[PDB]
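Trainee: Just so we're aligned, residue 1 is where the sequence shown starts under PDB author numbering, counting upward by one.
Even for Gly, the Cβ is constructed at its ideal location relative to N, Cα and C.
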Amino acid sequence: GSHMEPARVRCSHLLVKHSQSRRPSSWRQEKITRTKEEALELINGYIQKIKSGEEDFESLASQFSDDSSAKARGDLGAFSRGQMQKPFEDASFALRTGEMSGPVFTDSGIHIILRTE
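1. Bridge partners of residue 18, per DSSP?
2. Relative to the alpha-carbon of residue 18, which residue among 42, 5, 11, 9 has its alpha-carbon at the smallest distance?
3. So, are the CB atoms of residue 65 and residue 14 less than 8 Å apart?
4. Check whether the Cβ atoms of residue 40 and residue 112 lie closer than 8 Å to each other.
5. Is residue 78 near residue 16, with beta carbons less than 8 Å apart?
6. Within this structure, are the beta carbons of residue 92 and residue 11 separated by less than 8 Å?
7. Three-state secondary structure (DSSP) at residue 80?
8. For residue 105, is the classification buried or exposed, using 16 other Cβ atoms within 10 angstroms of its Cβ as the cut-off for buried?
9. Tell me, please, which residues DSSP counts as bridged to residue 103.
10. What's the C-alpha gap between residue 48 and residue 34?
11. Do you know offhand how far residue 20's Cα is from residue 30's?
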């Protein structure tokens with residue numbers, strides 16, 4: 001039936017990091033020269049490419065995600081809200097089936113969340 005707002009949700013997560021972060025060193029750049037504003041453009045670029053049916057989320061999340069989850073397709077499983085960040089939570093739980101939250105600002109950087117489930 002129609003059961004939204006659960007305990008376990010599944011979504012994919014892309015992450016673009018910026019100079020002001022827990023570490024200004026990604027796997028794409030040894031010294032992240034891009035700030036939040038700059039990273040935001042990358043974010044929009046990926047989002048546009050994905051939703052337009054040009055690129056895939058898992059595709060871009062594996063190459064253009066500065067997170068370790070990148071090599072794991074960037075797709076997550078069914079997790080609980082207490083296992084993620086509050087901004088990440090609000091986004092993932094507010095998304096409908098096959099919906100994308102867009103640029104979710106966090107401490108590490110900007111996350112792109114797509115509702116896999």
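Mentor: Considering the structure as presented:
1. Walking along the sequence shown from the start, residue 18 turns up at place 18. According to DSSP, residue 18 shares a beta bridge with no other residue.
2. To locate residue 18, count along the sequence shown from 1; it is residue 18. When 42, 5, 11, 9 are compared, the shortest CA-CA separation from residue 18 is found for 42.
3. Sequence index remark: in the sequence shown, residue 65 carries index 65 (1-based). Sequence index remark: in the sequence shown, residue 14 carries index 14 (1-based). In this structure, residue 14 lies closer than 8 Å to residue 65 by Cβ.
4. The count along the sequence shown starts at 1 and reaches residue 40 at position 40. The count along the sequence shown starts at 1 and reaches residue 112 at position 112. Against a cut-off of 8 Å, the Cβ pair of residue 112 and residue 40 comes out as no contact.
5. Position 78 of the sequence shown holds residue 78. Position 16 of the sequence shown holds residue 16. Inclusion of residue 78 and residue 16 in the CB contact set at 8 Å is not warranted, their separation being larger than that value.
6. Within the sequence shown, numbered from 1, the residue matching residue 92 stands at position 92. Within the sequence shown, numbered from 1, the residue matching residue 11 stands at position 11. Yes, Cβ-Cβ distance for residue 92 and residue 11 is below 8 Å.
7. Here residue 80 corresponds to residue number 80 of the sequence shown, with the count starting at 1. DSSP, read as helix, strand or coil, puts residue 80 in strand.
8. Indexing the sequence shown from 1 puts residue 105 at position 105. Burial call: exposed.
9. Walking along the sequence shown from the start, residue 103 turns up at place 103. Per the DSSP secondary-structure output, residue 103 pairs in a beta bridge with 112.
10. Walking along the sequence shown from the start, residue 48 turns up at place 48. Walking along the sequence shown from the start, residue 34 turns up at place 34. The straight-line gap from Cα to Cα measures roughly 20 Å.
11. The residue labelled residue 20 in the question sits at position 20 within the sequence shown. The residue labelled residue 30 in the question sits at position 30 within the sequence shown. Their Cα atoms are separated by approximately 14 Å.
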